[PDB]
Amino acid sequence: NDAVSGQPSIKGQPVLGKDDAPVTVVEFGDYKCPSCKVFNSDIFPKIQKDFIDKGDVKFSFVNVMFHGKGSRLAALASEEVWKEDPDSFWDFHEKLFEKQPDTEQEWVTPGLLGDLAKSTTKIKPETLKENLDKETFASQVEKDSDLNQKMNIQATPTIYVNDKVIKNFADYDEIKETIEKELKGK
């Protein structure tokens, strides 16, 4: 039906922000999703400036694989970057979204993901690409899928503010108000 209320676990997930931040914002997203591209460019930076920078919010991203083989490739790459060079993760993440074209045909390839690793992280392109071929990080993508299913994710992006499901990811008023209400409660 709809995404389930409740606090998703961010254990093992990429995180940005202070450990002790009182509000956790989680995005369930897909690198091939055009609405996730919009969230990344239009909404995410506002949450950063307003909340993450000042230690109010810690942010996490969980992979959802709604757009076929390219979604899976992208997710495997994302997992590897978090594990091997987490300090660079959010730079790689933002560039993969910036790379998403405004066309519907498959665009995700190992060469593409290898080039991003080279520009944004300390990870070797050939290493990343070898791991994509072997699907070295498949267990982490499956863990993400398990979590997606547990929360009954129906569309991407789905944003959680603590245990609250945001109705419209593109409505910064809703997001900001919900963050602020959770801060109060805290």
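One rule holds for the numbers: they count along the sequence shown, beginning at 1.
Note on 60-68 vs 29-37: mean CA B-factor is higher in 60-68. Legend: mean Cα B-factor per stretch from the PDB entry, 172-180 versus 14-22; the higher mean is in 14-22. When the modelled residues of the chain are ordered by their C-alpha B factor, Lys118 lands in the highest third.
When all modelled residues of the chain are sorted by CA temperature factor, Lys46 is found within the lowest third.
Ranked against the other modelled residues of its chain, the C-alpha B-factor of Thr136 as given in the entry falls in the highest third. For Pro157, the recorded CA B-factor ranks within the lowest third of the chain. Only modelled residues enter the ranking.
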